[PDB]
Amino acid sequence: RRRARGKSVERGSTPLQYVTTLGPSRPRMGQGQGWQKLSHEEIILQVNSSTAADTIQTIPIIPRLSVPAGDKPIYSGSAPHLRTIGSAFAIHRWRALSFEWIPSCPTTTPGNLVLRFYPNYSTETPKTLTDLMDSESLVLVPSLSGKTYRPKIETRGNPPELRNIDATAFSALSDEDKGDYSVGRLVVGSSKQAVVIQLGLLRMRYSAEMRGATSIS
Amino acid sequence: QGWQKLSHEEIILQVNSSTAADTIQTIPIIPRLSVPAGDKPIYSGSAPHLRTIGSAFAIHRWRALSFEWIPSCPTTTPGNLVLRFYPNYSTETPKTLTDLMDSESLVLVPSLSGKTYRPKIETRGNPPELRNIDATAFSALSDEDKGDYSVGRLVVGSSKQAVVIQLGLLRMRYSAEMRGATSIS
Amino acid sequence: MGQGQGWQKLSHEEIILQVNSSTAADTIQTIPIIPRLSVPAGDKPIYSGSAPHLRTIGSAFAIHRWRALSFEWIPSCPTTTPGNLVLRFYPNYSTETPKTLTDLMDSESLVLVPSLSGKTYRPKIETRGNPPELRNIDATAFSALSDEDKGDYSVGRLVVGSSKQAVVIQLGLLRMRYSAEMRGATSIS
Amino acid sequence: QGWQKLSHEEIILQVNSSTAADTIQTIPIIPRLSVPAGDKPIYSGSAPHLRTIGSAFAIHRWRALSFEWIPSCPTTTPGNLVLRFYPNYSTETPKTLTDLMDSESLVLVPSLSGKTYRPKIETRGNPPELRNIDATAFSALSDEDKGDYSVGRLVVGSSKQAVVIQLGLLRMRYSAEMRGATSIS
Amino acid sequence: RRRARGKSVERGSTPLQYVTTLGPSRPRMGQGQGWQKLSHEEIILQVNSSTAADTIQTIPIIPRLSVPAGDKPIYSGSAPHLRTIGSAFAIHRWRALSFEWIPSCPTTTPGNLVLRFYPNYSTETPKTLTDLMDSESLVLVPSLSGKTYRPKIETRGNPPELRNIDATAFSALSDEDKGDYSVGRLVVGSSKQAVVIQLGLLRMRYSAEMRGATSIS
Amino acid sequence: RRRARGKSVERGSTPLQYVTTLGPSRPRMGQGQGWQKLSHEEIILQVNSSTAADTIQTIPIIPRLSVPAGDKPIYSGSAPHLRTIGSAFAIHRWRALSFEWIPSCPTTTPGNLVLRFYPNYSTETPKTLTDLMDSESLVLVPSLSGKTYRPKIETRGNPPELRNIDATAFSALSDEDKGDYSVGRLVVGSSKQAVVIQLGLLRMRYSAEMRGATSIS
RNA sequence: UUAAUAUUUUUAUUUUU
RNA sequence: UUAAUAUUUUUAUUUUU
Ligand SMILES: [Ca+2]
Ligand SMILES: [Ca+2]
Ligand SMILES: [Ca+2]
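Protein chains in written order, with full-length UniProt numbering: chain A, 22 to 238; chain B, 54 to 238; chain C, 50 to 238; chain D, 54 to 238; chain E, 22 to 238; chain F, 22 to 238.
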C-alpha cells in the first residue's frame with residue numbers, strides 16, 4: 022500500500038468455510054489492588070437454530086454463569102471456569118468484556134446472527150429478529166468469522182462493584198433487583214434455517230476482578 | 054461510551070389550589086415524567102418532550118437540575134408555596150405545610166416571580182447510572198426499588214386559597230445524559 | 050435571556066432497511082435522508098426505510114443539521130448469491146433517478162457483491178462549520194412535497210439498487226452511522 | 054456587498070384579552086411586518102417604521118432580535134403571558150396555553166415588568182439571506198415556501214381575564230441588514 | 022502624469038464607432054476542492070430594439086441558461102457551453118460573474134441601455150425604463166464600450182450551493198421555488214430607436230463551480 | 022521463484038466466488054494537443070442470462086453510448102459520463118479502449134461468456150455461441166475475474182477522426198454509414214443457465230479524445 | 001495526545017497519529 | 001493590510017497602498 026490514488030477497486034476471493042480451531046488455553050490468574058484478577062476466554066454458548074422459527078436467547082452477564090437449575094429456564098450460557106473461580110468471591114467488577122462469534126457453518130448458510138447488550142433488565146426484550154437488530158448490535162452472516170461485540174460498560178477508573186450470586190437464585194430475582202448482581206444481559210438472536218444446524222459458538226473474552234471470600238455455594 | 058446528552062427546560066406542573074385544604078403533591082424525578090395511568094395516582098407532574106426522548110433510552114444520569122416557580126396569581130394572593138427535594142423514597146412524606154417547609158426548602162409568597170430551587174445531586178465525575186421506566190410502572194414499585202429508577206422526588210406544597218384558583222406553574226431546567234437505545238417500533 | 054433552545058447533538062447507528070429481491074426484475078429503492086425516517090403512509094410509495102429510534106427522537110425537534118453520515122452494507126445471503134448490490138447518494142432531489150442497475154453504478158457509487166460483509170459508503174455532504182439547517186417533517190407528509198420543496202427538508206436520498214435473483218430472497222440489511230444535531234422543541238403529547 | 058444596516062426597537066403588538074377564552078395569536082418575523090390586508094388574518098402584529106424601510110429592500114438577514122413584554126395591567130391581574138419562537142413554519146401550532154408554554158418559552162404574570170425573550174437565530178458570520186415580502190402576500194403562501202421569507206414566528210399566548218382588558222404591549226428590539234433596492238415610485 | 026496642479030481640463034476625441042472583435046477563445050476547465058471549475062465568457066444575449074416602444078428583457082442567472090421550450094417563453098439568454106457543462110452536475114455556486122456590454126452601433130444612436138440584477142425573484146419587475154434604472158444598475162449610451170456590470174453576489178468563502186435545473190422546467194417553477202435554483206435575474210432594459218437596429222450584445226464573464234454527477238437531461 | 026528446474030507442478034486453491042468491489046472513482050479530464058481528453062472506466066452492460074436460450078448482445082463503440090430510444094432496439098450498453106461529455110463535441114478518436122469482465126456469480130455457474138469486436142458493421146453477426154467464439158474473442162467461465170478484452174484498434178500516431186452522433190440516430194444509420202461514426206461493435210455472447218441469473222457486469226476502460234464544440238443534443 | 005461539533009451546577013459525540 | 005463612519009446576542013459602508 023502507498024499513496025497516489027487510482028480508482029480503488031479491491032478484488033478478493035471467498036472460501037467455502039471460515040475455519041477456526043480452539044486449542045488448549047490457560048486462564049490467567051493474578052493478584053491486584055486488593056482484588057483478584059482473572060482474564061480468560063471460554064465458550065459460553067452453542068447456537069443451534071430450528072426450522073420452526075427464529076431463535077432469541079438471553080445470557081445474563083454474571084460471574085457464576087451457568088444454566089438456572091430449574092425446569093423451563095429463562096436463561097442460557099455456561100462459563101465453567103469463570104463460575105468456579107467467582108463462586109469464591111462476593112463482589113465483582115468488569116475490566117474487559119467482549120463476545121466473539123465463532124462460526125461453525127459454510128458460507129452457504131444464509132440468514133443473520135445478532136448480538137445485542139441491554140444495560141437494564143427492565144427493558145422490553147424483543148421478540149422479532151428485526152426489532153432486535155434495530156440498533157446497538159453486531160449483525161453478520163452466520164458463516165463469517167473474526168467479528169466480536171463489545172458491551173458498552175464502564176471499565177475505566179473504578180467501575181461500580183456488583184455482587185456475585187448463583188445462576189438459579191439470580192434467575193429467581195425480580196427485575197429491579199437483578200441490577201445489583203449484573204451489568205446487563207446479552208441477547209443472542211439467530212435466524213432460522215432450512216434444516217437443523219449449529220450455526221456457531223459464542224466465545225466470551227474477559228477480565229473480571231473479584232473480592233470478598235465466601236464458603237461453599 | 055454511548056451517552057447522548059440533552060439539556061433543556063420544560064414546565065412540568067400546574068399548581069391550582071383547592072379551598073377544602075392545603076395541597077401537597079409530589080413529582081418523581083424520572084426522565085419519562087408523566088402522570089401514572091392508574092385510578093387516583095400518587096405522582097403528579099408531566100414533561101412531554103423530555104419523556105418522548107427518554108422513551109428512547111434505557112439509562113440516564115443527571116448533570117444539572119433546578120426548578121423554577123412561575124406565578125399565575127396576583128400580589129394579593131396569601132399563603133406560601135413550598136418546594137423541597139427528597140433524596141430517598143423511603144423517607145416519611147410530610148402531610149403538613151409547616152412540616153414540609155421545615156428545612157432544605159424553597160418557600161415564598163405565591164405571587165413572587167423568578168425564584169429557583171436546586172436539589173442536592175451528584176453531577177460531578179460520573180453519577181450513578183439510573184434505569185428509566187414509565188410513570189405508571191414506577192409508582193407501582195416498592196420504595197426500596199424506586200431508588201434505582203430515580204434521583205428522588207420533588208414535593209410541592211401550597212396554601213389553600215379563598216376560592217379555587219391557579220397559583221402558578223413549576224418549571225424544570227435540566228441536562229440529562231441517556232444511553233441504551235430501546236425499541237420504539 | 051433566551052430559554053434553552055440550543056442544539057442537541059445525537060450520534061448513533063441504526064439499521065434502516067431490509068433489502069429483499071424480486072424475480073420480476075432488478076430492484077431500485079430510495080431512502081430519503083430525514084431524521085423522522087419511516088415509510089410513507091401511501092400505497093405504491095416512492096421511499097423505503099425506517100429508523101424507529103432516530104425518528105422517535107427526531108419527532109421531538111423541528112430542525113436538524115447533519116454532521117456525520119455513512120451507510121454500511123450487512124449481507125444476509127449466501128456466498129453463492131449472484132449479481133451485485135449498489136449504493137448511490139443523490140444530493141439534488143430534482144435529478145431523475147436512473148432507470149438501469151448499470152448506469153446507477155457511476156463515479157460516485159459503491160458496487161459490491163451481496164454476500165460481501167464489511168463495506169461502507171460515505172456520501173459527500175457539507176458537515177463543516179455550520180451546514181444548512183433543515184426542517185424536520187414526517188415521512189408521509191414529506192413524500193407529498195414537490196421536489197423543489199423537498200430540499201429544505203432533506204439532505205439527499207440514498208438509492209439502493211440490486212440485481213434480481215432466481216427466486217425471492219433477503220439480500221441483506223443496510224445500516225446508518227450518523228450524527229445529527231436538532232433544535233426547536235415540539236409538542237409530543 | 055450592498056448591505057444596509059438598521060438597528061432599532063419598535064412596539065409591534067398590543068395584547069388585549071377576551072373573556073370568552075384564552076387568546077393565542079402569532080406574529081410572523083418579517084421586516085415588512087403589518088397585519089394581512091385580508092378578511093380573517095392568520096397573523097398578528099405590525100411594525101410601521103421597520104416595514105416602511107423594509108419596503109425599500111428585497112433581501113434581509115438578522116443580526117440581533119429579542120422581544121420585551123411591557124405590561125399595561127395591575128398587579129392584581131391573574132393568569133400568565135406566554136412568548137414562544139418557532140423556527141419552522143411547518144410546525145404544528147399550539148392551541149392551548151399549557152401546550153404552548155411547554156418549553157423554550159418566556160412565561161410570566163401579565164403585570165411583571167421588564168422581561169425579555171431571545172429567539173434562537175444564527176447571527177454569526179453570514180446567516181442565510183431571506184427575501185422579504187408584504188404581510189398579505191406572505192400569509193398567503195405554503196408553509197414550505199414561508200421559510201425563504203422569514204426566520205420564524207413568535208406565538209403569543211395569554212390567559213383570558215374576568216373582563217375585557219389590555220394586558221400589555223410587546224416590543225421588538227432588533228438589528229437587520231437589508232439589500233437589493235426596490236421601486237417605491 | 023505628475024504632481025503640480027494646473028486647472029485640469031482634459032481634452033479628447035470621440036469615434037464614430039467603438040469597435041470590438043471577439044476572436045476564438047478557449048473555455049478553461051479545472052479540478053478543484055472536490056468541485057469542478059469552469060471559467061469562460063460567452064455572449065448570452067442579443068439586444069435588438071423595436072421602434073414601437075422600449076424593451077425590457079430578463080435573463081435568469083442559471084448554469085443551464087437557454088431559452089424555455091415554451092411558446093412565447095418569459096426568459097431570454099442562451100449560454101451554450103456553460104449549459105452543456107453544467108447539464109452534467111446537480112449543484113453549482115458562483116465564484117466570479119459579470120455582464121459586459123458589447124456595443125454594435127454608432128456613437129450616433131441615442132437613448133440608454135440598462136443592466137440591473139435582482140436577488141429575489143419575488144421582486145416587482147419594473148415596466149418602465151425609468152423605474153428600472155433607478156438604482157443598482159449599469160446605465161450607459163448604447164454606443165459606449167468596455168463597461169461591465171457585476172451582480173452583488175457572495176463569492177467569498179463558501180457561497181451557498183444552488184441546484185442545477187433545466188431552463189424550461191425552471192421557467193415553470195413558482196417564485197418562492199426559483200430561489201433554490203438561481204442567484205437572481207438580470208433585467209436588460211433598452212430604449213427604443215428611430216428604426217429596427219441591434220444595439221449590441223451582452224457578454225457574460227464567469228467562473229462557476231459544480232458538483233454531483235447527473236445522467237441525460 | 023528462481024532457476025534450477027524441477028518438474029514444475031503448480032498447486033493452488035479456488036474460491037467459491039471471485040469478489041470485486043467498485044468504489045467511487047473520479048473520471049480524469051484534460052486538455053491536449055488541441056483536443057479534449059477524458060480517461061475513465063464505467064460499467065456499460067449488465068448480462069442477465071435467460072433459461073430459454075443463449076444470449077447474444079451487441080454494443081456499438083460510440084462516445085454517446087446509450088440504448089436506442091425505441092421499441093425492440095438493437096444496441097445495448099449505456100456509458101453515462103462518456104456520453105454527457107461527448108455530447109458536447111462533434112469529433113472523437115480513441116487512445117485506449119478495453120472491456121473488462123466483472124463476474125457477479127459463483128464458481129459453480131457453468132457455461133462461458135464471450136467477448137468479440139467486429140471492425141465493420143457490414144459483417145455477418147453470428148447467432149451461435151459457438152460461431153461467435155471461433156476467433157478473435159475473449160472466452161472464459163462466467164465466474165472468473167480480472168480478464169479483459171482489448172479491441173484491435175489503431176491508437177498510435179493520429180488515429181482516424183470519427184464523428185459523434187446520438188445513439189438512436191446512429192441506430193438508424195445504414196451499415197455503410199455507421200463506419201464514419203464508430204470504430205466497431207462489441208458482441209457479447211453468454212450461454213444460458215439453469216435459471217434466471219445475472220452472470221456479471223461488463224466494464225469499459227477508456228481514453229477518448231474529442232474536439233469541435235456543439236450545442237444541445 | 002491532537003482536531004471538529006453540541007451543552008453548561010456536568011460531560012457526551014465523531015475523526016486523526 | 002491600513003485610515004474614517006455607524007450598530008452591538010452581529011456586521012455593514014466609504015477610501016488609500
Ligand atoms: Ca433493589
Ligand atoms: Ca422552497
Ligand atoms: Ca459513407
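Every residue gets a Cβ at the ideal spot worked out from N, C-alpha and C, and that includes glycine.
Worksheet item: Could you name the residues, in chain order, whose CB is less than 6 Å away from a heavy atom belonging to ligand 2?
Response: C:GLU197, C:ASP198, C:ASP201, D:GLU197, D:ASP198, D:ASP201, E:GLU197, E:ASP198, E:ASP201
Fill in: Contact list for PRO131 of chain D against chain B, beta-carbon separation under 9 Å
Near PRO131 of chain D (Cβ distances below 9 Å), the residues of chain B are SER125, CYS126, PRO127, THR130, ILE218, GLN219.
Worksheet item: Cα-Cα, which of B:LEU207, B:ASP75, B:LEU118 is closest to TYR142 of chain B?
Response: B:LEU207
Worksheet entry | Within 8 Å, strictly: CB atoms of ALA193 of chain D and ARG114 of chain D | no
Worksheet item: Rounded to whole angstroms, how far is the Cβ of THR130 of chain C from the Cβ of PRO163 of chain C, which I believe are closer than 8 Å?
Response: 4 Å
Worksheet item: Could you give the C-beta distance for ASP75 of chain D and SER211 of chain D, rounded to a whole number, given that I count them as a contact under 8 Å?
Response: 7 Å
Worksheet item: If we call anything under 8 Å between Cβ atoms a contact, is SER119 of chain D one with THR169 of chain D?
Response: yes
Discussion item. Strictly under 8 Å for the Cβ-Cβ distance: is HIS102 of chain F near chain C by that measure?
Written reply: Chain C, which has a Cβ nearer than 8 Å to the Cβ of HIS102 of chain F, makes this yes.
Worksheet item: For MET225 of chain A, which residues does DSSP report across the bridge?
Response: According to DSSP, residue pairing for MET225 of chain A in a beta bridge involves A:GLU63, A:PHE120.
Practice prompt. With 8 Å as the threshold, decide whether the Cβ of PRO36 of chain F is near any Cβ in chain A.
Written response: yes
Worksheet entry | Whether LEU134 of chain F touches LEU161 of chain F by CB criterion (8 Å) | yes
Worksheet item: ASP201 of chain A to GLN78 of chain A, Cα distance in whole Å?
Response: 22 Å
Worksheet item: So residue 254 of chain C packs on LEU150 of chain F, CB below 8 Å; how close in whole Å?
Response: Not covered by the structure: residue 254 of chain C. The range shown for chain C is 50 to 238.
Worksheet entry | Coarse secondary structure for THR128 of chain A, derived from DSSP in three states | Reduced to three states, the DSSP call for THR128 of chain A is coil.
Discussion item. Can you tell me where the beta strand (DSSP E) holding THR76 of chain C begins and where it ends?
Written reply: 76-81
Item to complete: Quick one: using the 10 Å Cβ neighbour count with 16 as the cut-off for buried, is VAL40 of chain F buried or exposed?
Response: buried
Fill in: Close beta carbons around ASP196 of chain D, own chain, < 7 Å, minus the five adjacent residues each side
Closer than 7 Å at the Cβ level, and outside the excluded window around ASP196 of chain D, lie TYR142, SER143.
Worksheet item: Buried or exposed: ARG32 of chain A, going by 16 or more other Cβ atoms within 10 Å of its Cβ?
Response: exposed
Practice prompt. Could you tell me which chain C residues have their CB closer than 8 Å to the CB of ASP152 of chain E, listed as they occur along the chain?
Written response: Here the premise fails: no neighbours, minimum Cβ distance about 30 Å.
Worksheet item: Listing by chain order, which chain C residues have their CB less than 7 Å from the CB of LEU66 of chain F?
Response: At a beta-carbon threshold of 7 Å, the residues of chain C lying near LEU66 of chain F are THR151, ordered along the chain.
Worksheet item: Ends of the beta strand (DSSP E) at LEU153 of chain E?
Response: For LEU153 of chain E, no beta strand (DSSP E) encloses it; the enclosing alpha helix (DSSP H) starts and ends at 150-153.
Worksheet item: From this set, B:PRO84, B:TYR139, B:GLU145, B:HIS61, which residue's C-alpha is nearest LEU159 of chain B's C-alpha?
Response: When only C-alpha atoms are compared, the closest one is B:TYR139.
Worksheet item: Just the Cα atoms here: how many angstroms apart are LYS58 of chain C and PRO181 of chain D?
Response: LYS58 of chain C and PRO181 of chain D have their alpha carbons spaced roughly 22 Å apart.
Practice prompt. Tell whether a beta-carbon distance below 8 Å holds between residue 250 of chain C and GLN214 of chain C.
Written response: Outside the modelled stretch of chain C, which goes from 50 to 238, sits residue 250 of chain C, for which no answer is possible.
Fill in: Within chain B, partners of residue 247 of chain A - CB distance below 8 Å
No answer is possible for residue 247 of chain A: it lies beyond the span of chain A, which begins at 22 and ends at 238.
Practice prompt. State the CB to CB distance for the pair residue 263 of chain F and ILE65 of chain F, rounded to an integer number of angstroms; the pair is presumed to be in contact (CB under 8 Å).
Written response: No information on residue 263 of chain F is available, as it lies outside the stretch 22 to 238 that chain F covers here.
Worksheet item: Buried or exposed: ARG104 of chain B, going by 16 or more other Cβ atoms within 10 Å of its Cβ?
Response: buried
Practice prompt. Give the residues of chain C in contact with residue 309 of chain B, contact being defined as C-beta atoms less than 7 Å apart.
Written response: No answer is possible for residue 309 of chain B: it lies beyond the span of chain B, which begins at 54 and ends at 238.
Worksheet item: How is the alpha helix (DSSP H) around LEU86 of chain A delimited, first residue to last?
Response: Element bounds for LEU86 of chain A: n/a, residue is neither H nor E.
Discussion item. On the criterion of 16 or more Cβ atoms from any shown chain inside 10 Å, does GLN52 of chain A qualify as buried, or is it exposed?
Written reply: exposed
Practice prompt. Could you tell me which of D:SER203, D:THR176, D:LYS173, D:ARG177 sits nearest to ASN185 of chain D, measuring between CA atoms?
Written response: Of D:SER203, D:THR176, D:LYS173, D:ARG177, the residue nearest in Cα terms is D:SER203.
Discussion item. For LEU86 of chain F and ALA234 of chain F, which I take to be in contact (beta-carbon distance under 8 Å), what is that distance rounded to the nearest angstrom?
Written reply: Rounded, the Cβ-Cβ distance is 20 Å, inconsistent with contact.
Item to complete: Write down the C-beta distance between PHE191 of chain E and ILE80 of chain E rounded to the nearest angstrom, noting that I regard them as a contact closer than 8 Å.
Response: Rounded, the Cβ-Cβ distance is 12 Å, inconsistent with contact.
Fill in: chain C contact residues for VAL160 of chain A, given Cβ-Cβ distances below 9 Å
By Cβ distance, chain C contributes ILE64, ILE123, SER125, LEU222, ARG224.
Worksheet item: Helix, strand or coil: which one does DSSP assign to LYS199 of chain D?
Response: helix
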